[PDB]
Amino acid sequence: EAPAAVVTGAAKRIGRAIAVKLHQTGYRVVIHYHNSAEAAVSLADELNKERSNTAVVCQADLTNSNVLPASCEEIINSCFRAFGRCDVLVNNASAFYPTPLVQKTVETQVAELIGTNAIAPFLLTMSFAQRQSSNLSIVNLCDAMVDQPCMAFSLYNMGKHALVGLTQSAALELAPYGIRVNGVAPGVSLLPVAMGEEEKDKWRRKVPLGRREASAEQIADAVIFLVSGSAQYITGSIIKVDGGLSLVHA
Amino acid sequence: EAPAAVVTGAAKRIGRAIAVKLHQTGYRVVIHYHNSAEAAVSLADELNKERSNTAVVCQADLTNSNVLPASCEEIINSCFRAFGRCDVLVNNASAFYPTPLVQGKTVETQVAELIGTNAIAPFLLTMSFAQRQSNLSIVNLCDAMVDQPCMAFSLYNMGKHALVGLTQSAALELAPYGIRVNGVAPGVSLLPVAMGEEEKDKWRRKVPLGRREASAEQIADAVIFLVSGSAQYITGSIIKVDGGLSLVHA
Amino acid sequence: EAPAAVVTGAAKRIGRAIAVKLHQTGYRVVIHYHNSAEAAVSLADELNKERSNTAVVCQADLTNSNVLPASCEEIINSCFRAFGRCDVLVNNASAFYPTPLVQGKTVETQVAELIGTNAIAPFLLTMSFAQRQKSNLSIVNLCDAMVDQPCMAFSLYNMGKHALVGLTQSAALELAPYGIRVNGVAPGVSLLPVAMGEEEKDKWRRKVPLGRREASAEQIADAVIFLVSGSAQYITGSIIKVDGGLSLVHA
Amino acid sequence: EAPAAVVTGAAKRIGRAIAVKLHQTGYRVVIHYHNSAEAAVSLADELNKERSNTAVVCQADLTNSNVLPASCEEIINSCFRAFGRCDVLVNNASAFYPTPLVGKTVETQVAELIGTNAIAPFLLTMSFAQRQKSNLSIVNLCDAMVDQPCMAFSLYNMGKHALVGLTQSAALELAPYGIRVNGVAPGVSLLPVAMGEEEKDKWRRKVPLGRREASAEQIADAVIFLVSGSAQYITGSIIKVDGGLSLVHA
Ligand SMILES: NC(=O)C1=CN([C@@H]2O[C@H](COP(=O)(O)OP(=O)(O)OC[C@H]3O[C@@H](n4cnc5c(N)ncnc54)[C@H](OP(=O)(O)O)[C@@H]3O)[C@@H](O)[C@H]2O)C=CC1
Ligand SMILES: NC(=O)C1=CN([C@@H]2O[C@H](COP(=O)(O)OP(=O)(O)OC[C@H]3O[C@@H](n4cnc5c(N)ncnc54)[C@H](OP(=O)(O)O)[C@@H]3O)[C@@H](O)[C@H]2O)C=CC1
Ligand SMILES: NC(=O)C1=CN([C@@H]2O[C@H](COP(=O)(O)OP(=O)(O)OC[C@H]3O[C@@H](n4cnc5c(N)ncnc54)[C@H](OP(=O)(O)O)[C@@H]3O)[C@@H](O)[C@H]2O)C=CC1
Ligand SMILES: NC(=O)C1=CN([C@@H]2O[C@H](COP(=O)(O)OP(=O)(O)OC[C@H]3O[C@@H](n4cnc5c(N)ncnc54)[C@H](OP(=O)(O)O)[C@@H]3O)[C@@H](O)[C@H]2O)C=CC1
Ligand SMILES: Nc1nc2ccc(C(=O)NCCc3cccc(Cl)c3)cc2s1
Ligand SMILES: Nc1nc2ccc(C(=O)NCCc3cccc(Cl)c3)cc2s1
Ligand SMILES: Nc1nc2ccc(C(=O)NCCc3cccc(Cl)c3)cc2s1
Ligand SMILES: Nc1nc2ccc(C(=O)NCCc3cccc(Cl)c3)cc2s1
């Protein structure tokens, strides 16, 4: 038949764009969600209606507990269960909020920010590999502004730095098994829904390429390339998709 | 009207694969060469037979000198003369040889060739490209190993480092003009002309992903992505196409 | 009075050498240890015999847990309790072992120790150090020069060391308005593993361009000493590799 | 007896502070200069007043041309003829001005910005290494902001990137001879004399640590460390001395 992909947090925003675009490219997909049951279902609906029985949903909480392992195993599972194979893993799901050094308790923050951002990708990676001709690859959602961090976002930043480390080490380690591991690093994309609107323009104006944020589909485009046969020799690479934002000094 | 691209050192090896593949994507192509007259003319005949009036050649020495700006201006001008437009510039041409710090070319010539082709020509070509200015982009052929260099290749490495700087500086500067500037960084690809079987397998053995060098087409694939509509928010980015080679410790 | 420093995992190897050199430069020192009780007490004994009332020990597991914040707070408080001040924090303590992806400690346990010691505890200690400030304040984080060219099957260790880089940068940024500098020291190959054979040692030694030998503990401490000194008063968010060229050598 | 150090562009500003700190440390110094003869002599006289026969001056243009190799050989020679040895080389001299891609000629700009910042350091490095017959080191003055460049500084940035490559390449190659090679990367240091205080403050306010530029002495302090017995294992390292400026996003 046709290849299959798991996308994490695929309900909304960047994950949904990735999901749809993988589908259009001919992937059967698992739409993982935590909170967005509705949205997951609706997207599955839309993809199933397009090609019969090619989109399934999956619940899991990706916080750092004692049960993350099983959850990550569950997610990889259902991809094999629904489609009998798993070609692609997109690590998209992610928490993001400030954690000031001079001031949810901390370990909540750690489980979410370190847990979702780093540890869960590590576990999914381990399951994806464990259960493996083909074109297998993993794509991690990184952050182009990792070296010029937002003030008071240490934990978030630590977790994204950790994700670069996983990208590198897993690319090395899984290269023998023909599994590629890559990253996509957005700058400013879909801005926080809560963040002010006139405040949003402030950020848009800093971006060299067209004074605007990346659309979700732009991010998705890079993911598509990395999983494709056009990237068959690409592993351990992180592709920034930031419109030049990371090149701009203070 | 199909867009137009200049590829430097497009007569052989990776440059040829980039020109071919731009052509197969719908571009008209200026094939720059220095010495490889026959291969140059040969390729253009092949492109033109495939689609008449779609390929030209343009001879130029890319060694640094007081007339390199005029030679660079001429390469770009050749594209406007042939095709009435210049949409893409691929900085591919490259001198590569050892320049030990501790002891037939003079050092003046070594600097001219290694710094001229790898860095100064790209800069002058970028300047000419932007001056004569849809989906405009420049792709620089960089080097994935530039922070773990070959022993005794200081001038080469300096040139490739300079090219990274050019990639970033021009991406920043040319963004408001809608011109994107990116790089592709091979690890080990098409291997040298003068090298034994034993030595090839030595290098190949180092590559985590499949224990082999990149095909030129694999390198060309990333160039294709960067110039395409799928990369319209990507600028100042360098994509490693190295099979994990740069991840491998001594 | 004399400034005070907290050094984590300071009973042996690189931490001890850092504690010793800070002590010789006139610091009062907290020697944090986990398991190495005899060795920590021995070191403090030596340092106290050198100038009385200048060295204390402090026991803490730096494995991630819900009590890890309390333990890190307690480490910092030990310094204020002993010496009335805390000028320098060195995050040296580190777990180091393989965690293969394609496969005995549970994975829960691996994550707790490798991410906890190498990254979370540094963050918590960073927080406690800064909050307790109410001179030349700085933090030095022991990083790893080979993080972008890692050992096969050391995913979690590498992830923690990359996190520590992120902490170094983020904390340099956030704490600079308080006058606290935050930097890193990144060894290549230094003191080899106690359980490693001399045969394997020489394999690693011969890869080092500068001298074909590992860094001495002193040489690593030397860089730490520079970063805390007034010769580094404008330096923050910098990581100095002390690796003999090792990270420049290709495969 | 006393070790000897060559410092380039040592007449004024940062190179001056380095010469002085090296002298105070016990070094005999060659004060290289291009135009500031008056400045160079006064420094030399003052140093020589502190300690007889410990300081000499040497004039040379470090621009790129067929005579540059000879010039750099002569600079190194001047240390040996004066002091009988050359233990340290500090590549400090630098040209810095904008070179927009869109009243000097372009070839002149290339010659000056690539010549002073990259090529002359390479030639000096070669001459330093070849003339050796303990604690030998080279320190290259880099730039902490090379990945977040000033707009329209492409050539400057290319030169500073090249210098990073030299540092790394020469570190690797000279390590067997026991010559360490490292860099110091200032952020904002001595601001131009004639720059308005109101402008100066715009840059000053960007700096996290103390909201001021680095003194020349602070930069020199990092140089002193790298040449010292405390840095005996450090090679191929670049120490940013930037007060956190490079960590600050747009
Ligand atoms: N937005 C931007 O501008 C930038 C984004 N990025 C990165 O790109 C990726 C996508 O960003 P964006 O779409 O804005 O992300 P969001 O912050 O909106 O989160 C995306 C999804 O993550 C899931 N998620 C969050 N926390 C958990 C958790 N504890 N367990 C399980 N799932 C969880 C949610 O799924 P559910 O809805 O089902 O609960 C949510 O829809 C992230 O990795 C992010 O860090 C990086 C830099 C810039
Ligand atoms: N091959 C590999 O494994 C790797 C290559 N790269 C990079 O990828 C790109 C393509 O590599 P590859 O195809 O191997 O390159 P080649 O070594 O085959 O050279 C490409 C072309 O550069 C041209 N060139 C050389 N000197 C001059 C000069 N003075 N003036 C004008 N043109 C000149 C030549 O044109 P002509 O033949 O007409 O004289 C030559 O065919 C380069 O920029 C290279 O640095 C990066 C790392 C790995
Ligand atoms: N040695 C080398 O070659 C290199 C070292 N580094 C870094 O340099 C630093 C020093 O290296 P090195 O001296 O070899 O380190 P070690 O591996 O010897 O560990 C130092 C100390 O870490 C402490 N530690 C370990 N696990 C825990 C834990 N769960 N809770 C609390 N403390 C713990 C131990 O204290 P105790 O003995 O009391 O149990 C130990 O003595 C480390 O951060 C390391 O990663 C970087 C690269 C190379
Ligand atoms: N100051 C700052 O904020 C920053 C500086 N840096 C780097 O720090 C180093 C020192 O900085 P700074 O003191 O401000 O530098 P300056 O701009 O003051 O230049 C230092 C010296 O360079 C010499 N020089 C310039 N062009 C030439 C040439 N063609 N031939 C020979 N010598 C030449 C001059 O010698 P003379 O006067 O005798 O002609 C000059 O005094 C440089 O390498 C610089 O790039 C990096 C980032 C920031
Ligand atoms: N899960 C999520 N992770 C992230 C990470 C980053 C952002 C984000 O909005 N980043 C922008 C940082 C930035 C920094 C400086 C200038 C600008 Cl215009 C933008 C948003 C999100 S949402
Ligand atoms: N114009 C050209 N530029 C370059 C640059 C690099 C190479 C090359 O062969 N690079 C491989 C270097 C290498 C470094 C370490 C391990 C391995 Cl297997 C290979 C070949 C060329 S040809
Ligand atoms: N807590 C500890 N952390 C670390 C981290 C790294 C090392 C170490 O020995 N790293 C060497 C890795 C290496 C990789 C490639 C070549 C070589 Cl000569 C050495 C040893 C330790 S002990
Ligand atoms: N030879 C010389 N090289 C350089 C390099 C850089 C500078 C300089 O002024 N750099 C500051 C760049 C900068 C960029 C963005 C913000 C801020 Cl406050 C400062 C000044 C000089 S003088």
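Read-outs: derived from the displayed coordinates by stated rules, not from any lab. We place every Cβ from the backbone using ideal geometry, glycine too, and count neighbours over all the protein chains shown.
For the range C:1-75, the square roots a ≥ b ≥ c of the C-alpha gyration tensor eigenvalues yield an a/c of 1.5 or more together with a/b exceeding b/c, which makes the shape prolate. Volume per residue for the protein assembly as shown equals 176 cubic angstrom (convex hull of Cα atoms).
For B:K206, the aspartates and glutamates whose Cα falls under 12 Å of its own Cα, not counting residues fewer than eight places away in the same chain, are B:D242. A helix-only calculation puts chain B at -13000 deg cm²/dmol for mean residue ellipticity at 222 nm, using -39500 (n - 2.57) for each DSSP H run of at least four residues, averaged over all residues.
Ranking C:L248, A:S137, D:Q24 by how far each Cα lies toward the positive end of the dipole of the protein assembly as shown (charges on Cβ) leaves D:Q24 at the top. Considering only alpha-carbon pairs that sit under 8 angstrom and 6 or more positions apart, the relative contact order computed for the range A:145-205 is 22 percent.
For the range B:1-56 versus the range B:147-210, the inter-centroid distance based on Cα atoms is 22 Å.
Given axes a ≥ b ≥ c from the Cα gyration tensor, I'd like to know whether the range D:92-154 is rounded (a/c under 1.5), prolate (a/b larger than b/c) or oblate. Oblate is the answer for the range D:92-154, as a/c is 1.5 or above yet b/c matches or exceeds a/b. Of the Cα atoms belonging to the range B:105-239, the radius of gyration and Dmax stand at 16.4, 50 Å.
Counted by neighbouring Cβ atoms within 10 Å, the residues C:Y97, C:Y234 run from fewest to most as C:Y97, C:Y234.
Taking a sphere under 15 Å around the Cβ of A:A120 and counting the other residues whose Cβ falls inside, with K and R at +1 and D and E at -1, yields a net charge of -4.
For the listed residue pairs A:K200/A:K240; A:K240/C:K161; B:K105/D:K133; B:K160/D:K133; A:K240/C:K201, the alpha carbons are over 29 angstrom apart in B:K160/D:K133; A:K240/C:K201. Among D:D147, A:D87, A:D221, sorting on how many other beta-carbon atoms sit within 10 Å of each Cβ, with the fewest leading, yields D:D147, A:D87, A:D221.
Using a/c under 1.5 as the rounded threshold, could you call the range A:206-245 rounded, prolate or oblate? The axes a ≥ b ≥ c are square roots of the C-alpha gyration tensor eigenvalues, and prolate needs a/b larger than b/c, oblate otherwise. Prolate shape, in that a/c is at least 1.5 and a/b is the bigger ratio.
For the range D:1-92, GluC sites (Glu not before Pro) meeting the loop criterion (DSSP other than H, G, I, E, B) and having at most 11 other Cβ atoms within 10 Å: D:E1. By the Cβ distance rule of under 4.7 Å, chain C has these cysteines without a partner: C:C58, C:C72, C:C143, C:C151. For C:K49, the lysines whose Cα comes closer than 23 Å to its Cα, not counting residues fewer than 8 places off in the same chain, are C:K12, C:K21.
Once divided by 2.2 N^0.38 Å, the Cα radius of gyration of the range C:29-148 becomes 1.16. Under a 5 Å amide H cut-off, with hydrogens placed 1.01 Å from N, A:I239 pairs with A:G183, A:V184, A:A185 among residues at least 5 apart or on other chains. Neighbour counts of C-beta atoms inside 10 Å place C:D243, B:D45 in the sequence B:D45, C:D243, starting with the fewest.
Rounded to whole numbers, the Karplus 3J(HN,Hα) couplings from phi for the range A:33-49 are 8, 10, 9, 8, 4, 3, 3, 4, 4, 4, 6, 3, 3, 5, 7, 4, 4 Hz, using 6.51 cos²θ - 1.76 cosθ + 1.60 with θ = phi - 60°, and x at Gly and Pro.
The alpha-carbon atoms of the range D:4-243, seen along their principal axes, cover 48, 38, 38 angstrom, with the largest extent given first.
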